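Student: One structure coming up, written as structure tokens, with questions to follow.
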């Protein structure tokens, strides 16, 4: 949930942004990110003709993460701070998630 004020602000923004997505329910800055749906939903909400949601749902978690981080790069010019494997196979580092989400929040 929300401990610091940066976490509270980012988590309500993510939750408002991802609100309309069925089967998405972001609860923290670690395990809610490992399957790759949340990052894709944050991006997609802002430009829903940018890619097909169905296509991302059919991808594996690693594919989804690589997709979201590449789409952010190519469309938003956001540097890839996270590696898909640091996210998909192990408990994500909270600091790192928040710092990447902060760069999304600023450019979106």
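Just so you know, all these numbers are worked out from the coordinates, no wet-lab data involved. Positions of Cβ are backbone-derived with ideal geometry, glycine not excepted, and every protein chain shown enters the neighbour counts.
Student: Rank the residues 105, 39, 29 as a footprinting-exposure proxy: fewest other Cβ atoms within 10 Å of their Cβ go first.
Tutor: Numbers: 105 16, 39 27, 29 23.
Exposure proxy ranking, most exposed first: 105, 29, 39.
Student: I would also like to ask the following. Under 8 Å for C-alpha pairs, at least 6 residues apart: give me the relative contact order for the chain, rounded to a whole percent.
Tutor: Details: 119 pairs, mean separation 28.7, N = 108.
Relative contact order, the chain: 27 percent.
Student: For 45, 90, 19, what's the fewest-to-most ordering of other Cβ within 10 Å of each Cβ? Working shown, then result.
Tutor: Working: 45 16, 90 9, 19 12.
The order, fewest Cβ neighbours first, is 90, 19, 45.
Student: Mark the label point 7 Å from the Cα of residue 80 along Cα→Cβ and return the residues of segment 49-68 whose backbone N is within less than 16 Å of it.
Tutor: Answer for this model: 60-68.
Student: With runs of 4+ DSSP H residues as the only contributors, calculate the mean residue ellipticity of the chain at 222 nm using -39,500 (n - 2.57) per run, divided by the residue total and rounded to the nearest 500.
Tutor: -18000 deg cm²/dmol
Student: Now for a separate question. Taking the Kirkwood radius as the inverse of the mean 1/r across Cα pairs, report the Rg/Rh of the chain.
Tutor: 0.91
Student: Using a 7 Å offset from the Cα along the Cα-to-Cβ direction at both residue 63 and residue 7, what is the distance between the two label points in nm, to one decimal?
Tutor: Taking the simple label geometry, residue 63 and residue 7 are separated by 3.4 nm.
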